[PDB]
Amino acid sequence: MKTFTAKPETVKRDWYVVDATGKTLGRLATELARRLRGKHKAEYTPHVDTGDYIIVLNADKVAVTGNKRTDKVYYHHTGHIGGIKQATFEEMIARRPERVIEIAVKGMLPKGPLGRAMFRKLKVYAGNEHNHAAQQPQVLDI
Amino acid sequence: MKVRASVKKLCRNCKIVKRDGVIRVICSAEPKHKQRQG
Amino acid sequence: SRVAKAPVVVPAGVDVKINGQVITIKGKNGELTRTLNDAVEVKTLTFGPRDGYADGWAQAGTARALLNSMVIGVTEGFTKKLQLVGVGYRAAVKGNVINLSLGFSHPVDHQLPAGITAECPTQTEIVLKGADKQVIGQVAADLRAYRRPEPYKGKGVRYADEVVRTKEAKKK
Amino acid sequence: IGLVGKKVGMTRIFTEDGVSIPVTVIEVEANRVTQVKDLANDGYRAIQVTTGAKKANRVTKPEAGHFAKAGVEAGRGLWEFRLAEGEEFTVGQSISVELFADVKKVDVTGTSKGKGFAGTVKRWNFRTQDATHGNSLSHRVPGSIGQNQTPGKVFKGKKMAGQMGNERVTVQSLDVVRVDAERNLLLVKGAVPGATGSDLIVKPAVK
RNA sequence: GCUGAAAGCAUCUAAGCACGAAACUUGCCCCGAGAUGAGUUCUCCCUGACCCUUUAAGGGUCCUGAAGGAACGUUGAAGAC
RNA sequence: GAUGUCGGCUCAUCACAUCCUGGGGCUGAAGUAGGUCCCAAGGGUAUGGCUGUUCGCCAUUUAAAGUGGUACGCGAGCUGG
RNA sequence: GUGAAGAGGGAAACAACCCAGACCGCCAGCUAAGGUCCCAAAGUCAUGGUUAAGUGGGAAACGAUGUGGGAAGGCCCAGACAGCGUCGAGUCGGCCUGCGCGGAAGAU
Ligand SMILES: CN(C)[C@@H]1C(O)=C(C(N)=O)C(=O)[C@@]2(O)C(O)=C3C(=O)c4c(cc5ccc(CN6CC(F)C6)cc5c4O)C[C@H]3C[C@@H]12
Ligand SMILES: CN(C)[C@@H]1C(O)=C(C(N)=O)C(=O)[C@@]2(O)C(O)=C3C(=O)c4c(cc5ccc(CN6CC(F)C6)cc5c4O)C[C@H]3C[C@@H]12
Ligand SMILES: C=C[C@]1(C)C[C@@H](OC(=O)CSCCN(CC)CC)[C@]2(C)[C@H](C)CC[C@]3(CCC(=O)[C@H]32)[C@@H](C)[C@@H]1O
Ligand SMILES: [K+]
Ligand SMILES: [K+]
Ligand SMILES: [K+]
Ligand SMILES: [K+]
Ligand SMILES: [K+]
Ligand SMILES: [K+]
Ligand SMILES: [K+]
Ligand SMILES: [K+]
Ligand SMILES: [K+]
Ligand SMILES: [K+]
Ligand SMILES: [Mg+2]
Ligand SMILES: [Mg+2]
Ligand SMILES: [Mg+2]
Ligand SMILES: [Mg+2]
Ligand SMILES: [Mg+2]
Ligand SMILES: [Mg+2]
Ligand SMILES: [Mg+2]
Ligand SMILES: [Mg+2]
Ligand SMILES: [Mg+2]
Ligand SMILES: [Mg+2]
Ligand SMILES: [Mg+2]
Ligand SMILES: [Mg+2]
Ligand SMILES: [Mg+2]
Ligand SMILES: [Mg+2]
Ligand SMILES: [Mg+2]
Ligand SMILES: [Mg+2]
Ligand SMILES: [Mg+2]
Ligand SMILES: [Mg+2]
Ligand SMILES: [Mg+2]
Ligand SMILES: [Mg+2]
Ligand SMILES: [Mg+2]
Ligand SMILES: [Mg+2]
Ligand SMILES: [Mg+2]
Ligand SMILES: [Mg+2]
Ligand SMILES: [Mg+2]
Ligand SMILES: [Mg+2]
Ligand SMILES: [Mg+2]
Ligand SMILES: [Mg+2]
Ligand SMILES: [Mg+2]
Ligand SMILES: [Mg+2]
Ligand SMILES: [Zn+2]
């Protein structure tokens, strides 16, 4: 027989809710990336999104070690000459705290259309409330 | 402030102090003896 | 080490709360609160490294010294004296606002924090008072900063005990 | 808040001490509040206003229902002004130019006159090259637009020919010369953006 | 700089606290939801039958044609089109 | 089996080893005005005489008339000394 | 020795370095160099240490109470060491060695 392949039509994706409070950024992000990709399922298929939907609460309370809170720098370029911009981790937390988790996870997901599709299943919130009661997310301790 | 690679006690009133990862010489007697490694 | 080892005598009329990692001493001259580094156990008060803390003796010695000051603070309390040197340099206290004339085109109008109190014995002296040794230190530094004592004549705001070193100009 | 008016034109005011003040005359008819936005419903605090009049046949049913909810006659457009904390308004309230009675300076926003496709000389104040001394077909042309292989491209934001004017412009900190509630007029010192007859937004000066 | 141990002292620093520049983040002006993460608010409009099969976000017929749009015309201190 | 060359003109863009403006330590810093070092790249940063000149000298300005990288930036953009 | 005239795996990419020599087919298995948190296959493996510099992941003379280990020493309850006779336990400064720190400015 040919090896099994997951089918995008029939894949079951569960909903989970994770609390980022006090969790180390990168060690949370690897577990998120793993589960968004579906690497935790026996039906894992490289060309199919078999992963789960994950709500992350309290993104503003994510932890980092060392002097990273002040010294970790996020760079981006605007596309305009001289348009190199930067923000420290602490500035990112103050202004756009959900982006810290989102940026970390995006860099750990595959690049290309499927990786972008996998990222859409991550729902990051700054505080302790989400609006997805209807999806009945299960608590997941990462 | 003298900014040098070699910072040293220049008299008995000079003290070596490390502040924020920088070796400095502070002197109670002589302001000319104030140094920062750099 | 030696600082940390020595416990602090807490007098009668002075009351010490300990709740989690918080000290909040009562008493006549005032009231004061702090939270210490998590390497310190405050057992008089007695201070010591907690286990799993390499800085614990360093942290205990500072804790000791701060609480010694806090228990001084709410008894005899702290006083700081400043002197104005220079023609036309006056000071005057008015509520919680010291008014310094210091040879500027504008009057300086420095406001004391919540519980520091000033008196001008003469116009050329300020006498600060409070329970917090850090805050009275900071207020005194801020007042000195308006016109720090200058090296040719010694003019400006000085600490009354300060010995301002003087020099003469370039020889012609 | 500010008000919406119309650029009537420019004139002057002679003072008794022999100063001629150039003025823009702005007709500021009653601005009628058509909607109040609040934090609960809209996520921000603002008034929407209309002014002037539109012919019934040019008022669409969606537009007409919006005006009818407010209980105001249709005006020529809708504009929003953000509210500060103490500012409160009610739907249907008319706001007149007397708003500016004690305002010393205003910012005036309009659509600048349209120059169409403009060259670099006009649009960006580029210098012309030689009219003579051998110049071949290159009198008002832009010159070089980049370097060489490094970087081997033109940078974004390069100043080049293109549409000029016909855009939103604010002129800040114009003196209010006269507020005439009777005639619905605001006189401001100096020029403001746009052609005679164009819409102007007038706000108390932010600076 | 303050307070302050490690290091009985000293020490702006290790814990803790305060100042500090046209640089930085804002504040000012303009663009801006293709922000595909395509958001929000207000208002308006459409309230008919039936047949068929590969029963399905299925296909067609008759009746109906709204709000609004476009087109055309007269045009504009809008504009190469 | 061709990667157009000095200088000018037009238009730039980056670095910072900073010319001006901003902050600061030391001074053989009285003041005024300097010297030197540290921080700082936001913006600003001559016109002429002579010469193909770049440069330089000179005249007269300026807060200042920065130093470099960009095929010693830029001839499918101009010039052609 | 390899490339030339040599594919495969590793060294991000990278003839000439490391592993290794492709007769063809397989949706079997074991290994090499190199690896095992996610991109990305495999240890968020075990035990004992070191480092706080993101050192690791560019680094020289030289500078420094950074911090771990070691071998001697001088002085010390006949009271040292510091600060003010007081004072009441260690203190002092060289050597060797592990890992770090400064020295460290460039152009889309
Ligand atoms: C080619 N390869 C062996 C290495 C490589 O793959 C890289 C890379 N980034 O992938 C390199 O950077 C490399 O090509 C390279 O450029 C190196 C060096 O430049 C280099 C290296 C180590 C050195 C050690 C000491 C000295 C001291 N110098 C010698 C004398 F002149 C004073 C210089 C070094 C040096 O220049 C690493 C290699 C690695 C290369
Ligand atoms: C990390 N990365 C930036 C480079 C890299 O990827 C490699 C690699 N092989 O893939 C390296 O080898 C690298 O990590 C490395 O180790 C380097 C060096 O060791 C290196 C390099 C250049 C040097 C130039 C001069 C000198 C000597 N002078 C006197 C001393 F004070 C400095 C040493 C060098 C050196 O050690 C290249 C980098 C490249 C790195
Ligand atoms: C003909 C070649 C030219 C147009 C000019 C050339 O300049 C010379 O070769 C100077 S010597 C020849 C002068 N002349 C004939 C007597 C012909 C231009 C010169 C400046 C270089 C020195 C050699 C390389 C070059 C390309 C880039 C460049 O700078 C050119 C060639 C590939 C180019 O095609
Ligand atoms: K939208
Ligand atoms: K340049
Ligand atoms: K100076
Ligand atoms: K600058
Ligand atoms: K060339
Ligand atoms: K040329
Ligand atoms: K070309
Ligand atoms: K041409
Ligand atoms: K061979
Ligand atoms: K690093
Ligand atoms: Mg890939
Ligand atoms: Mg500092
Ligand atoms: Mg026009
Ligand atoms: Mg000209
Ligand atoms: Mg010709
Ligand atoms: Mg011509
Ligand atoms: Mg490219
Ligand atoms: Mg002390
Ligand atoms: Mg300015
Ligand atoms: Mg060819
Ligand atoms: Mg610099
Ligand atoms: Mg910048
Ligand atoms: Mg700014
Ligand atoms: Mg000249
Ligand atoms: Mg060139
Ligand atoms: Mg150049
Ligand atoms: Mg030509
Ligand atoms: Mg060219
Ligand atoms: Mg010629
Ligand atoms: Mg050959
Ligand atoms: Mg090979
Ligand atoms: Mg290979
Ligand atoms: Mg390499
Ligand atoms: Mg490398
Ligand atoms: Mg490869
Ligand atoms: Mg195996
Ligand atoms: Mg894996
Ligand atoms: Mg482990
Ligand atoms: Mg490194
Ligand atoms: Mg080093
Ligand atoms: Zn000295």
Side-chain angles (χ1 to χ4, degrees), chain A residues 2-3 26-27 29-30 33-34 66-68 71 81-82 86-87 91 95 107-111 115 120, chain B residues 1-8 15-23 26 31-32 34 36-38, chain C residues 1-4 6 34 36-37 39 55 57-66 69 133-135 137-138 140-142 145 151-153 168-171, chain D residues 35 37 41-43 48 60-66 69 113-114 116-117 126-127 129-130 133-138 141-151 153 155 159 166-170 172 195-198 206-207:
Chain A
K2 287 185 175 170
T3 288
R27 297 181 182 261
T30 57
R34 170 179 181 245
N67 294 298
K68 279 180 269 193
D71 299 2
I81 188 61
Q86 65 161 257
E91 290 162 355
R95 199 177 186 296
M108 296 187 200
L109 287 173
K111 312 307 182 287
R120 292 174 182 113
Chain B
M1 185 68 76
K2 292 167 167 45
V3 178
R4 296 177 172 190
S6 172
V7 299
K8 296 174 165 173
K15 306 295 179 294
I16 307 281
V17 61
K18 188 164 158 187
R19 286 172 181 166
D20 300 1
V22 180
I23 304 299
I26 61 167
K32 289 181 169 193
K34 188 167 43 155
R36 173 183 63 105
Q37 202 169 45
Chain C
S1 56
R2 304 195 205 243
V3 183
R34 281 197 78 117
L36 297 180
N37 202 69
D55 62 345
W57 276 122
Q59 296 293 348
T62 182
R64 149 66 159 112
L66 294 173
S69 292
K133 196 186 183 176
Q134 194 280 315
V135 175
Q138 187 60 77
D142 293 351
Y152 292 110
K153 313 246 291 192
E168 305 297 301
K170 177 177 195 175
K171 184 195 70 171
Chain D
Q35 191 176 357
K37 309 256 182 133
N41 187 61
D42 296 277
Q48 190 193 70
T60 65
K61 283 198 74 171
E63 288 166 357
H66 181 68
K69 186 178 180 188
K113 292 179 114 174
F117 197 124
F126 282 13
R127 301 171 194 108
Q129 296 176 61
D130 291 349
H133 295 292
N135 184 295
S136 301
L137 311 183
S138 303
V141 303
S144 180
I145 66 176
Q147 294 84 40
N148 198 318
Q149 172 160 187
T150 299
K153 69 177 180 173
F155 294 131
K159 290 171 179 180
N166 195 34
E167 63 179 6
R168 184 189 174 107
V169 178
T170 299
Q172 295 188 309
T196 297
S198 297
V206 68
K207 295 169 178 179

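What's counted below: heavy atoms across the whole structure, side chains too, no hydrogens, waters or symmetry copies. Protein chains get the first letters and strands the later ones, always in sequence-line order, with residue 1 at the start of each.
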Discussion item. Output the rounded distance in Å from NZ (B:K18) to P (E:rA6).
Written reply: 19 Å
Item to complete: With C1' as the reference atom in both, quote the distance from G:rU55 to G:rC101 in angstrom, rounded to an integer.
Response: 9 Å
Worksheet item: Is a donor-acceptor pair below 3.5 Å formed from side chain A:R27 to base G:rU44, judging by atom type as modelled?
Response: yes
Worksheet item: C:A65 has a side chain; which of E:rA5, E:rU43, F:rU10 sits nearest to it?
Response: E:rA5
Fill in: Between D:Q48 and D:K37: side-chain donor-acceptor atoms closer than 3.5 Å
no
Worksheet item: Is there a Watson-Crick or G-U wobble pair linking F:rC50 and F:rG56, both distances under 3.5 Å?
Response: yes
Response to the item:
Per atom distances to the C:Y152 side chain, the nearest of E:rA67, F:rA29, E:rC2 is F:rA29
Practice prompt. Kindly check if E:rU74 and E:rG73, neighbours in the strand, have base rings whose centres sit closer than 5.5 angstrom and whose planes are less than 30 degrees apart?
Written response: yes
Discussion item. Once hydrogens and angles are ignored, does a donor-acceptor distance under 3.5 Å link the base of E:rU3 to the side chain of C:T62?
Written reply: no
Worksheet item: What is the distance from atom CZ of B:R36 to atom CD1 of B:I23, rounded to the nearest 0.5 Å?
Response: 12.5 Å
Discussion item. Quick check for you: among E:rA14, F:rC11, G:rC81, whose closest atom lies nearest to any side-chain atom of B:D20?
Written reply: E:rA14
Discussion item. What's the gap between F:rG31 and G:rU91 when it is taken at their P atoms, as a whole Å value?
Written reply: 48 Å
Item to complete: Confirm from the modelled atom types if B:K32 and F:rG28 form a donor-acceptor pair under 3.5 Å, side chain to base only.
Response: yes
Discussion item. Suppose we define a pair by two distances each less than 3.5 Å, Watson-Crick or G-U wobble; what does G:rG68 pair with here?
Written reply: G:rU97
Discussion item. Does the structure show a Watson-Crick or G-U wobble partner for E:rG58, both distances under 3.5 Å? Name it, or say none.
Written reply: E:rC52
Worksheet item: Among E:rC17, E:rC42, E:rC29, which is the nearest nucleotide to the side chain of D:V206?
Response: E:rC29
Worksheet entry | Donor-acceptor pair (no angle test) under 3.5 Å: D:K61 side chain, E:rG68 base | no
Practice prompt. Return the nearest nucleotide to the side chain of B:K8; candidates are G:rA53, G:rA64, E:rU11.
Written response: G:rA64
Fill in: Nearest to side-chain heavy atoms of D:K69, which nucleotide of E:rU43, F:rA71, G:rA61
E:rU43
Discussion item. Suppose you measure atom P in F:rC74 against the same atom in F:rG23; what distance do you get, rounded to whole Å?
Written reply: 40 Å
Worksheet item: Tell me: CD1 of A:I81 to P of F:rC11, nearest whole Å?
Response: 19 Å
Discussion item. For B:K32, is there any backbone N or O sitting under 3.5 Å from a side-chain donor or acceptor partner on B:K2?
Written reply: yes
Worksheet item: Among F:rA29, G:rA64, E:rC2, which nucleotide sits nearest the side chain of C:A141?
Response: E:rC2
Worksheet entry | Pucker class of G:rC27, from the sign of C1'-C2'-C3'-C4' | south
Worksheet item: Does E:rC44 have OP1 or OP2 sitting under 4.0 Å from an N or O in the side chain of D:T60?
Response: no
Worksheet item: Using the P atom in both, what is the distance from F:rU21 to F:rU45, to the nearest Å?
Response: 15 Å
Item to complete: Please evaluate the base of E:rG1 for a donor-acceptor partner in the side chain of C:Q138 within a cut-off of under 3.5 Å?
Response: yes
Worksheet item: Say you draw a straight line from CD1 of B:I26 to CD1 of B:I16; how long is it, rounded to the nearest 0.5 Å?
Response: 9.5 Å
Worksheet item: Paired with F:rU67: which nucleotide, if any, by Watson-Crick or G-U wobble criteria at under 3.5 Å for both distances?
Response: F:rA15
Worksheet, complete the sentence: Once base and sugar-phosphate atoms are separated, protein heavy atoms under 4.0 Å mark nucleotides 37-44 of chain F, 5' to 3', with B, S and - as SS------
Fill in: Torsion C1'-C2'-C3'-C4' of G:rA52, interpreted as north if positive, south if negative
south
Worksheet entry | No-H, no-angle donor-acceptor pair, A:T3 side chain to G:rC27 base, under 3.5 Å | yes
Discussion item. With rounding to the closest Å, how many angstrom separate the P atoms on G:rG49 and G:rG57?
Written reply: 25 Å
Worksheet item: Distance between the P atoms of G:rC17 and G:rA4, in whole angstroms?
Response: 11 Å
Worksheet item: Would one find a side-chain N or O of A:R95 under 4.0 angstrom from OP1 or OP2 of E:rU26?
Response: yes
Worksheet item: Side-chain donor or acceptor of B:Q37 under 3.5 Å from a matching atom on the base of G:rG103?
Response: no
Worksheet, complete the sentence: Per atom distances to the D:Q147 side chain, the nearest of E:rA6, F:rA71, E:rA15 is F:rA71
Discussion item. Between G:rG70 and G:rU44, how many Å separate the two P atoms, rounded to a whole number?
Written reply: 35 Å
Item to complete: Kindly point out which of F:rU27, E:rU3, G:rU44 is positioned nearest to the side chain of B:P31?
Response: F:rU27
Item to complete: Quickly work out the D:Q129 CD to F:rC78 P distance and round it to whole Å.
Response: 9 Å
Worksheet item: Quick one: is E:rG1 close enough that its OP1 or OP2 comes under 4.0 Å of any side-chain N or O from B:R19?
Response: no
